[PDB]
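Reading through the structure tokens given below for one structure.
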Amino acid sequence: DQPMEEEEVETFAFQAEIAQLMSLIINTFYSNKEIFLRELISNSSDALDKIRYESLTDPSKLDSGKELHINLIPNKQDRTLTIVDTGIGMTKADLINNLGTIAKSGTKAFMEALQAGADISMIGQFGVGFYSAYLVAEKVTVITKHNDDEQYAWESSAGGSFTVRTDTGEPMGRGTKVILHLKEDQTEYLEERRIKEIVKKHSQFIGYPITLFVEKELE
Ligand SMILES: COc1cc(-c2nc(C)nc3[nH]c(C)c(C#N)c23)c(Cl)cc1Cl
């Protein structure tokens, strides 16, 4: 009897400083956790800038999709909030290199800044705003598709390690989906009014369409 599907899964250890940062973020009390959404939307915007830039000299880069946008998808039943863009996306090497195994100088620098009295809301200036997801999420899954490459899924519950595998569930044209599996006491970020007010407050200058899709699985 053959399996419906099979995926090779790799587990990698986080670089020491990244593990340190994740533990600080996911455990420490902060009063302004809503900034995570600003940081994720900012990373979407950057990724959309990148594919747009590439398309200026090579229009075929948009064969995987011309529309450049950001979607926000709360799912109360799964207790997940997902941010999706049609940006440049990432290769497997990109995921392994840029989401865990190699720590840029900004990682240690950010933790130093916090020790010196800086606020968590500055985290994007250090290039590690992604990890602010763990302010509100117990687990984060990143599904990504780059041109000419297959679709991958990165995942971590911040245990000091993350996994990478091929993802074949729902094929994306191009871009990145960040799925936040929210902590039990952070479900306010699934509410329409909360999402709207955070986007209005922090993302006014993002130069791409941002669209809410409220998700409900029907009985
Ligand atoms: C600059 O650092 C990062 C950037 C990214 C990222 N990259 C691309 C190419 N697209 C994206 N879209 C979203 C919504 C991201 C987020 N968050 C994101 C990720 Cl997943 C982790 C880190 Cl650490």
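The way I read the labels, and the way they are meant: chains A, B, ... in the order of the structure tokens, residue 1 as the first residue of every chain, and ligand 1 as the first ligand shown, with later ones counted on from there.
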
Near-ligand residues for ligand 1, threshold 8 Å, only C-alpha atoms and all ligand atoms, as a tab-separated table (two decimals) with C-alpha atoms, in the first residue's frame:
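Printed below is out-v2.tsv as written:
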```tsv
chain	number	residue	atom	x	y	z
A	39	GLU	CA	7.10	43.88	10.70
A	40	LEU	CA	5.65	41.05	8.61
A	41	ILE	CA	3.91	43.46	6.25
A	42	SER	CA	7.16	45.41	5.91
A	43	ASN	CA	8.99	42.23	4.90
A	44	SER	CA	6.27	41.54	2.32
A	45	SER	CA	6.72	45.04	0.92
A	46	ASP	CA	10.48	44.52	0.64
A	47	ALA	CA	9.95	41.20	-1.16
A	48	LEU	CA	7.49	42.82	-3.55
A	83	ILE	CA	0.29	36.92	5.77
A	84	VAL	CA	0.71	36.19	2.05
A	85	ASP	CA	2.53	38.16	-0.62
A	87	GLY	CA	6.90	38.93	-3.77
A	88	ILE	CA	10.20	37.44	-4.88
A	89	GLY	CA	9.94	34.32	-2.74
A	90	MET	CA	12.82	32.16	-1.52
A	95	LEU	CA	15.26	29.54	3.71
A	98	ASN	CA	18.32	33.54	5.86
A	99	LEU	CA	15.91	31.96	8.34
A	100	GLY	CA	18.19	30.28	10.82
A	127	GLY	CA	16.67	43.14	9.76
A	128	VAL	CA	15.20	40.53	12.10
A	129	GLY	CA	11.61	41.73	12.36
A	130	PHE	CA	10.38	38.32	11.22
A	131	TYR	CA	11.14	36.83	14.61
A	133	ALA	CA	6.10	36.76	15.04
A	142	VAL	CA	6.76	29.81	6.11
A	144	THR	CA	7.55	30.04	-0.21
A	175	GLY	CA	5.74	34.60	-3.17
A	176	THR	CA	5.72	33.83	0.53
A	177	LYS	CA	3.08	32.80	3.05
A	178	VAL	CA	3.82	33.23	6.76
```

>> Residues within 12 Å of residue A:77, please, as a list in words. Count only C-alpha atoms; anything in the same chain fewer than 5 positions from it doesn't count.
In response: residues 181, 182, 187, 190, 214, 215, 216, 217, 218 and 219 of chain A

Those same residues, written as a CSV table (one decimal), in the first residue's frame with N, CA and C atoms?
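Result saved to part_36.csv:
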```csv
chain,number,residue,atom,x,y,z
A,181,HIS,N,0.7,30.4,14.1
A,181,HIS,CA,-0.2,29.6,14.9
A,181,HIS,C,-0.2,30.2,16.3
A,182,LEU,N,-1.2,30.9,16.6
A,182,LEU,CA,-1.2,31.9,17.6
A,182,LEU,C,-1.2,31.3,19.0
A,187,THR,N,-5.4,35.6,20.7
A,187,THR,CA,-6.4,35.5,19.6
A,187,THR,C,-7.1,36.8,19.2
A,190,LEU,N,-7.0,37.8,15.5
A,190,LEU,CA,-7.9,37.2,14.5
A,190,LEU,C,-9.1,38.0,14.2
A,214,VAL,N,-11.3,37.0,5.4
A,214,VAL,CA,-11.7,36.3,6.6
A,214,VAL,C,-12.1,34.9,6.3
A,215,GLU,N,-11.4,33.9,6.9
A,215,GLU,CA,-11.6,32.5,6.5
A,215,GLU,C,-12.4,31.7,7.5
A,216,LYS,N,-13.4,31.0,7.0
A,216,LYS,CA,-14.2,30.1,7.8
A,216,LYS,C,-14.6,28.8,7.1
A,217,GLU,N,-14.2,27.7,7.7
A,217,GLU,CA,-14.6,26.4,7.1
A,217,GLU,C,-16.0,26.2,7.4
A,218,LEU,N,-16.8,25.8,6.4
A,218,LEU,CA,-18.2,25.7,6.5
A,218,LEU,C,-18.6,24.3,7.0
A,219,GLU,N,-19.7,24.3,7.9
A,219,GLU,CA,-20.1,23.1,8.6
A,219,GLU,C,-20.3,21.9,7.6
```

Write out, as a tab-separated table, each residue of stretch 116-203 of chain A that has an atom at most 12 Å from stretch 54-72 of chain A, together with the closest pair of atoms and their distance in Å to one decimal, counting only C-alpha atoms, rows going by chain and rising number.
```
residue	atom	partner	partner_atom	distance
A:145	CA	A:64	CA	9.8
A:146	CA	A:64	CA	9.1
A:147	CA	A:64	CA	7.0
A:148	CA	A:64	CA	9.3
A:149	CA	A:64	CA	11.3
A:171	CA	A:64	CA	11.4
A:172	CA	A:64	CA	8.9
A:173	CA	A:64	CA	5.2
A:174	CA	A:64	CA	5.9
A:175	CA	A:64	CA	9.3
A:176	CA	A:70	CA	9.8
A:177	CA	A:71	CA	9.1
A:178	CA	A:72	CA	9.8
A:179	CA	A:72	CA	10.0
A:180	CA	A:72	CA	11.1
A:189	CA	A:72	CA	10.8
A:190	CA	A:72	CA	9.9
A:191	CA	A:72	CA	11.5
A:192	CA	A:72	CA	10.3
A:195	CA	A:72	CA	8.6
A:196	CA	A:72	CA	10.1
A:198	CA	A:72	CA	11.9
A:199	CA	A:72	CA	10.2
A:203	CA	A:70	CA	11.6
```

>> Under the rule that only C-alpha atoms are counted, which of A:75, A:28, A:115, A:2 is the nearest residue to residue A:212?
In response: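 Answer, going by the shortest atom-to-atom distance: A:75.
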
>> Please identify the strand (DSSP E) residues within stretch 18-218 of chain A (assignment by DSSP from backbone atoms) and present them as a PyMOL selection string.
In response: chain A and resi 70-75+80-85+137-145+152-156+161-166+175-182+210-212

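Around residue A:25, within 8 Å and counting only C-alpha atoms, the residues found are residues 21, 131, 132, 134 and 135 of chain A, once anything fewer than 4 positions away on its own chain is removed.
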
Output of the above residues as a PDB file, in the first residue's frame, restricted to N, CA, C and O atoms:
```pdb
ATOM      1  N   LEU A  21      17.775  35.083  20.547  1.00  0.00           N
ATOM      2  CA  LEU A  21      16.791  36.118  20.251  1.00  0.00           C
ATOM      3  C   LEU A  21      15.374  35.559  20.310  1.00  0.00           C
ATOM      4  O   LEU A  21      14.470  36.191  20.858  1.00  0.00           O
ATOM      5  N   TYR A 131      11.199  37.604  13.388  1.00  0.00           N
ATOM      6  CA  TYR A 131      11.137  36.830  14.615  1.00  0.00           C
ATOM      7  C   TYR A 131      10.171  37.433  15.633  1.00  0.00           C
ATOM      8  O   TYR A 131       9.822  36.776  16.616  1.00  0.00           O
ATOM      9  N   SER A 132       9.721  38.666  15.388  1.00  0.00           N
ATOM     10  CA  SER A 132       8.698  39.282  16.234  1.00  0.00           C
ATOM     11  C   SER A 132       7.379  38.508  16.149  1.00  0.00           C
ATOM     12  O   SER A 132       6.486  38.693  16.975  1.00  0.00           O
ATOM     13  N   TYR A 134       7.013  35.621  16.981  1.00  0.00           N
ATOM     14  CA  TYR A 134       6.934  34.792  18.178  1.00  0.00           C
ATOM     15  C   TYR A 134       6.472  35.563  19.415  1.00  0.00           C
ATOM     16  O   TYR A 134       6.316  34.983  20.485  1.00  0.00           O
ATOM     17  N   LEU A 135       6.232  36.862  19.265  1.00  0.00           N
ATOM     18  CA  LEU A 135       5.524  37.608  20.304  1.00  0.00           C
ATOM     19  C   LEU A 135       4.115  37.045  20.462  1.00  0.00           C
ATOM     20  O   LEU A 135       3.582  36.979  21.572  1.00  0.00           O
TER      21      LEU A 135
END
```

> Using only C-alpha atoms, which residues sit within 8 Å of stretch 150-161 of chain A once same-chain residues fewer than 5 positions away are excluded, as a list in words?
Replying inline: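 Near neighbours after the sequence-gap exclusion: residues 11, 12, 13, 14, 19, 22, 23, 91, 92, 95, 138, 139, 140, 141, 142, 143, 144, 145, 166, 167, 168, 171 and 172 of chain A.
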
Output N, CA, C and O atoms of each residue in that selection to a file, as a PDB file, in the first residue's frame.
```pdb
ATOM      1  N   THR A  11      15.998  18.826   9.429  1.00  0.00           N
ATOM      2  CA  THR A  11      16.002  19.626  10.649  1.00  0.00           C
ATOM      3  C   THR A  11      17.364  20.292  10.811  1.00  0.00           C
ATOM      4  O   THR A  11      18.405  19.632  10.724  1.00  0.00           O
ATOM      5  N   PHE A  12      17.349  21.605  11.024  1.00  0.00           N
ATOM      6  CA  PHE A  12      18.567  22.383  11.227  1.00  0.00           C
ATOM      7  C   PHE A  12      18.537  23.052  12.592  1.00  0.00           C
ATOM      8  O   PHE A  12      17.478  23.460  13.060  1.00  0.00           O
ATOM      9  N   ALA A  13      19.702  23.173  13.221  1.00  0.00           N
ATOM     10  CA  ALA A  13      19.811  23.944  14.453  1.00  0.00           C
ATOM     11  C   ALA A  13      19.962  25.422  14.112  1.00  0.00           C
ATOM     12  O   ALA A  13      20.655  25.777  13.158  1.00  0.00           O
ATOM     13  N   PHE A  14      19.310  26.279  14.892  1.00  0.00           N
ATOM     14  CA  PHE A  14      19.487  27.720  14.752  1.00  0.00           C
ATOM     15  C   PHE A  14      20.900  28.133  15.141  1.00  0.00           C
ATOM     16  O   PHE A  14      21.513  27.538  16.029  1.00  0.00           O
ATOM     17  N   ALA A  19      18.821  31.709  18.121  1.00  0.00           N
ATOM     18  CA  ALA A  19      18.122  30.948  19.150  1.00  0.00           C
ATOM     19  C   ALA A  19      17.928  31.806  20.399  1.00  0.00           C
ATOM     20  O   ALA A  19      16.872  31.775  21.027  1.00  0.00           O
ATOM     21  N   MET A  22      15.179  34.371  19.747  1.00  0.00           N
ATOM     22  CA  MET A  22      13.856  33.757  19.726  1.00  0.00           C
ATOM     23  C   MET A  22      13.351  33.471  21.136  1.00  0.00           C
ATOM     24  O   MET A  22      12.178  33.687  21.435  1.00  0.00           O
ATOM     25  N   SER A  23      14.238  32.999  22.007  1.00  0.00           N
ATOM     26  CA  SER A  23      13.853  32.701  23.383  1.00  0.00           C
ATOM     27  C   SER A  23      13.462  33.971  24.133  1.00  0.00           C
ATOM     28  O   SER A  23      12.512  33.971  24.914  1.00  0.00           O
ATOM     29  N   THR A  91      14.361  30.477  -2.322  1.00  0.00           N
ATOM     30  CA  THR A  91      14.805  29.116  -2.606  1.00  0.00           C
ATOM     31  C   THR A  91      14.993  28.353  -1.298  1.00  0.00           C
ATOM     32  O   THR A  91      14.947  28.935  -0.216  1.00  0.00           O
ATOM     33  N   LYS A  92      15.213  27.047  -1.403  1.00  0.00           N
ATOM     34  CA  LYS A  92      15.523  26.238  -0.230  1.00  0.00           C
ATOM     35  C   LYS A  92      16.763  26.792   0.471  1.00  0.00           C
ATOM     36  O   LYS A  92      16.801  26.899   1.697  1.00  0.00           O
ATOM     37  N   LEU A  95      15.913  29.863   2.444  1.00  0.00           N
ATOM     38  CA  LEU A  95      15.264  29.541   3.713  1.00  0.00           C
ATOM     39  C   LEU A  95      16.278  29.127   4.765  1.00  0.00           C
ATOM     40  O   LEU A  95      16.258  29.621   5.888  1.00  0.00           O
ATOM     41  N   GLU A 138       3.037  30.571  18.784  1.00  0.00           N
ATOM     42  CA  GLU A 138       3.777  29.461  19.380  1.00  0.00           C
ATOM     43  C   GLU A 138       4.512  28.685  18.292  1.00  0.00           C
ATOM     44  O   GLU A 138       5.507  28.016  18.557  1.00  0.00           O
ATOM     45  N   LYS A 139       4.014  28.780  17.065  1.00  0.00           N
ATOM     46  CA  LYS A 139       4.653  28.127  15.929  1.00  0.00           C
ATOM     47  C   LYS A 139       4.468  28.984  14.689  1.00  0.00           C
ATOM     48  O   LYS A 139       3.417  29.595  14.500  1.00  0.00           O
ATOM     49  N   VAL A 140       5.498  29.032  13.854  1.00  0.00           N
ATOM     50  CA  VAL A 140       5.429  29.784  12.612  1.00  0.00           C
ATOM     51  C   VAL A 140       5.829  28.874  11.456  1.00  0.00           C
ATOM     52  O   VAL A 140       6.822  28.145  11.539  1.00  0.00           O
ATOM     53  N   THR A 141       5.034  28.908  10.390  1.00  0.00           N
ATOM     54  CA  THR A 141       5.307  28.126   9.191  1.00  0.00           C
ATOM     55  C   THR A 141       5.464  29.100   8.033  1.00  0.00           C
ATOM     56  O   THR A 141       4.636  29.993   7.850  1.00  0.00           O
ATOM     57  N   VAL A 142       6.532  28.939   7.263  1.00  0.00           N
ATOM     58  CA  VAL A 142       6.757  29.808   6.115  1.00  0.00           C
ATOM     59  C   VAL A 142       6.735  28.963   4.852  1.00  0.00           C
ATOM     60  O   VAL A 142       7.570  28.082   4.671  1.00  0.00           O
ATOM     61  N   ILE A 143       5.763  29.227   3.986  1.00  0.00           N
ATOM     62  CA  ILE A 143       5.675  28.535   2.707  1.00  0.00           C
ATOM     63  C   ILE A 143       6.083  29.515   1.616  1.00  0.00           C
ATOM     64  O   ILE A 143       5.636  30.661   1.605  1.00  0.00           O
ATOM     65  N   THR A 144       6.951  29.083   0.710  1.00  0.00           N
ATOM     66  CA  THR A 144       7.547  30.038  -0.211  1.00  0.00           C
ATOM     67  C   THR A 144       7.822  29.423  -1.578  1.00  0.00           C
ATOM     68  O   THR A 144       8.110  28.232  -1.686  1.00  0.00           O
ATOM     69  N   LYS A 145       7.705  30.243  -2.618  1.00  0.00           N
ATOM     70  CA  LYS A 145       7.904  29.798  -3.997  1.00  0.00           C
ATOM     71  C   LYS A 145       8.630  30.893  -4.776  1.00  0.00           C
ATOM     72  O   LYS A 145       8.121  32.008  -4.925  1.00  0.00           O
ATOM     73  N   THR A 166       9.776  19.996   1.162  1.00  0.00           N
ATOM     74  CA  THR A 166       9.008  20.398  -0.004  1.00  0.00           C
ATOM     75  C   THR A 166       7.540  20.481   0.379  1.00  0.00           C
ATOM     76  O   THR A 166       7.053  19.705   1.203  1.00  0.00           O
ATOM     77  N   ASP A 167       6.843  21.449  -0.202  1.00  0.00           N
ATOM     78  CA  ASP A 167       5.435  21.655   0.094  1.00  0.00           C
ATOM     79  C   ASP A 167       4.640  21.507  -1.199  1.00  0.00           C
ATOM     80  O   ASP A 167       4.931  22.176  -2.191  1.00  0.00           O
ATOM     81  N   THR A 168       3.645  20.627  -1.183  1.00  0.00           N
ATOM     82  CA  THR A 168       2.877  20.321  -2.386  1.00  0.00           C
ATOM     83  C   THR A 168       1.375  20.459  -2.153  1.00  0.00           C
ATOM     84  O   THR A 168       0.572  20.008  -2.970  1.00  0.00           O
ATOM     85  N   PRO A 171      -0.289  24.832  -4.512  1.00  0.00           N
ATOM     86  CA  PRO A 171       0.811  25.497  -5.219  1.00  0.00           C
ATOM     87  C   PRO A 171       0.589  27.000  -5.314  1.00  0.00           C
ATOM     88  O   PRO A 171      -0.498  27.454  -5.669  1.00  0.00           O
ATOM     89  N   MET A 172       1.625  27.767  -4.990  1.00  0.00           N
ATOM     90  CA  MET A 172       1.588  29.216  -5.143  1.00  0.00           C
ATOM     91  C   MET A 172       2.208  29.584  -6.489  1.00  0.00           C
ATOM     92  O   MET A 172       3.092  28.891  -6.975  1.00  0.00           O
TER      93      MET A 172
END
```

>> One decimal, in Å: what's the spacing between atom CA of residue A:188 and atom CA of residue A:38?
In response: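 Atom-to-atom, atom CA of residue A:188 to atom CA of residue A:38, that is 15.5 Å.
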
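Between atom CA of residue A:137 and atom CA of residue A:119 there is a distance of 19.4 Å.
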
> Which of stretch 45-186 of chain A counts as helix (DSSP H, G or I) under DSSP, as a PyMOL selection string please?
Replying inline: chain A and resi 45-57+59-62+92-101+105-115+120-126+129-135+184-186

>> Using Å and a single decimal, report how far atom CA of residue A:37 sits from atom CA of residue A:165.
In response: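 Interatomic distance here is 25.3 Å.
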
>> Which residue is closest to residue A:210? Choose from A:79, A:34, A:73, A:105 and count only C-alpha atoms.
In response: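 Smallest separation from residue A:210 among the options: A:73.
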